[PDB]
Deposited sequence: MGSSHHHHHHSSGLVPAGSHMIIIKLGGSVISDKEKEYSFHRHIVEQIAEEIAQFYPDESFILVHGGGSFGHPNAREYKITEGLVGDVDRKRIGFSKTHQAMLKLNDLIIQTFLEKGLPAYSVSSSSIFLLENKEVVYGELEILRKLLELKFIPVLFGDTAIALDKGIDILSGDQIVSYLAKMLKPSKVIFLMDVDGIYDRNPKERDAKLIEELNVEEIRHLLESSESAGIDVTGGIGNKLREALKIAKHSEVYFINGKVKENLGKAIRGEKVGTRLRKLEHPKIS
C-alpha cells in the first residue's frame, strides 16, 4: 500500500495555494498510506548551460551550470517541502542525483534503501527532476517521469498519479475544439495517439506493467483524493494483465 504522486512542472509554477491543496488531500490518508512525491523544474539553467548535450565542448562551464541547476532545484524543492511542513506532513527531501545514475535518459543505477526506510518510519519522501550523472554522456537531465518509472519498477506502488494542467489524456489536442476525455485509457489507445507529451505517455505504458496510473487535473483539490481512493476522475490506465 504505497502511492507515487508526480506534480507537473506547470501546476507548481511558485503556486503555493495548489501545493497547500495537495498537502491537505494527502493528510486525509497519512499515515495509513505511504506516499512518494516527485516534482519538476519551474529549467532556465538547464537550457542555458545545455546540460542535455553532455560533457562536451566547454566542459568547465557545463560542470558549473550542472551544479547551479542542482542548487536551483534544491531551492524550489525547499519551497514545496516547507509548505508541506506547515501543513503537518513530514515531507523529507531526497536528492535525485545522489541516488540515481543515467544512461540514455533512463535510470540504470539506483539506491532505494533510504527511500524504503523513510516510508517505513512514516515519512513522506519528496524527490525532484534533477540534473544527474550519465554513464554514456557525463552529465544529463533526469526528468521526473524517468524517476517515477524506475521507482514503479522497483517499489511497485499500488498506483501512480500524474497531476497535470488539463483533466487528463484527451482525444485530440486538449486546447482545441472537439476533444473528448479518455476516462478509461488502454494501451492500444496510447499507441493510437503516439503515431499522430508522448514522453510521459511512453513512461505510462511502462509503469502500467506494475501499477495503476491516473492522469488528473492537479488544480482541482478533490481530484487527488478521488484518484487515491479509486473513484472516477480524469483518465485511468489500469494495471496490465
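> Which residue ranges of the deposited sequence are not present in the modelled coordinates?
Holes in the chain trace, numbered from 1: 1-19, 33-39, 69-71, 226-236, 282-286.
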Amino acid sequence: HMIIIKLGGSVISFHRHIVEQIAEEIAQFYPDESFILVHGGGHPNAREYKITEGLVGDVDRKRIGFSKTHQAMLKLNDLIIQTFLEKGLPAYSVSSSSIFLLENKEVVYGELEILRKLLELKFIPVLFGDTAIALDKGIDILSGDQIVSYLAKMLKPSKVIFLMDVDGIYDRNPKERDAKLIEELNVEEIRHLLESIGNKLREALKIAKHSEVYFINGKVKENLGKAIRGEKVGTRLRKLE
From here on, numbers count along this sequence of modelled residues.
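> Of the other PDB entries for this protein whose models extend past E195 on both sides, does at least a third leave it without coordinates?
Yes, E195 lacks coordinates in at least a third of the other compared entries.
> Could you find out if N223 - modelled in this structure - is missing from at least a third of the other PDB entries compared that contain residues on either side?
Result for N223: never missing in the compared entries.
> Return whichever of 112-120 and 77-85 has the greater mean Cα B factor according to the PDB record.
If you average the C-alpha B-factors of 112-120 and of 77-85, the larger mean comes out for 77-85.
> Taking the mean of the C-alpha B-factors per stretch from the entry, tell me the winner out of 164-172 and 124-132.
Comparing averages over the C-alpha atoms only gives 164-172.
> When the CA B-factors of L181, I207, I216, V38 are compared as recorded in the entry, which is the largest?
Highest C-alpha B-factor among the listed residues goes to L181.
> Based on the entry's values, in what third of the chain does the Cα temperature factor of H70 lie: lowest, middle or highest?
For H70, the deposited C-alpha B-factor lands in the lowest third.
> Taking the chain's C-alpha temperature factors as the reference, tell me which third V11 falls into: lowest, middle or highest.
Highest third, going by the recorded CA B-factors of the chain.
> Please place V220 in the lowest, middle or highest third of its chain by C-alpha B factor as given in the entry.
Ranked within chain, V220 CA B lands in the middle tercile.
> Please place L237 in the lowest, middle or highest third of its chain by C-alpha B factor as given in the entry.
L237: CA B-factor falls in the middle third of its chain.
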